[PDB]
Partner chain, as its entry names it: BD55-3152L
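Next comes just one chain, in structure tokens: the form solved without the partner chain.
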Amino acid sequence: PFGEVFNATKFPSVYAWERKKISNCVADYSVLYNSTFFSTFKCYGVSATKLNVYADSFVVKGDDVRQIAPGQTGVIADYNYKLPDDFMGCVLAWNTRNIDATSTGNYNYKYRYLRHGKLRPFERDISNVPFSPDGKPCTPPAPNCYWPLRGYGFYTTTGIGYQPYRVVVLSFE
């Protein structure tokens, strides 16, 4: 069943991440066990098998991968995706400079950087209303008016820290 999230053709943009639900099915985990391909596997729960689920996919900057894990203040975890302090499974990632990055820039992947309050675990926010640090409804180009969503823009030629990495957070219940 997993072949639809991983291996998948197109990926969602963090703030607007996609949650998949896989019911009544079995997979070996061995398609995951091997293949160094992934640049991250920290599994905050275990690492074995028992053929017993949640799988959220999205795409973040390089250094922003650090944030897909419990604790961790954020800016990504404060405003885009927050993993519960306790309850957990696994966080997975891979570099995709060639798939998600162009030589001219590919600003199609977005992230929220302005919000009032922090995202409680597993939460999501697709709002897109002009932001202001007091609540005053905004209307650009008015002063202190910002559109909370911004593009990443992955150029094929940027540091590994600033390259497009896709993410799949496999959560178990």
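Numbering follows the first chain given and starts at 1.
A chain break between residue 35 and residue 36 is not present, all residues of the deposited sequence in that interval being modelled. Two stretches are in play, 139-147 and 58-66, and the higher mean C-alpha B-factor belongs to 139-147. On average the C-alpha atoms of 83-91 have higher B-factors than those of the other stretch, with 83-91 and 98-106 being the two compared. Within the selection 114, 48, 129, 126, the deposited Cα B-factor values reach their highest point at 48. Ranked by C-alpha B-factor against the other modelled residues of its chain, residue 23 falls in the highest third.
Just so it is clear, the following notes concern the form deposited with the partner chain bound, a form of the same protein that is not shown.
Mapping the unseen interface onto this chain, residue 9 counts among the residues with a heavy atom inside 4.5 Å of the partner chain in the deposited bound form. In the deposited bound form, the partner chain lies beyond 4.5 angstroms of every heavy atom of every residue of 70-84.
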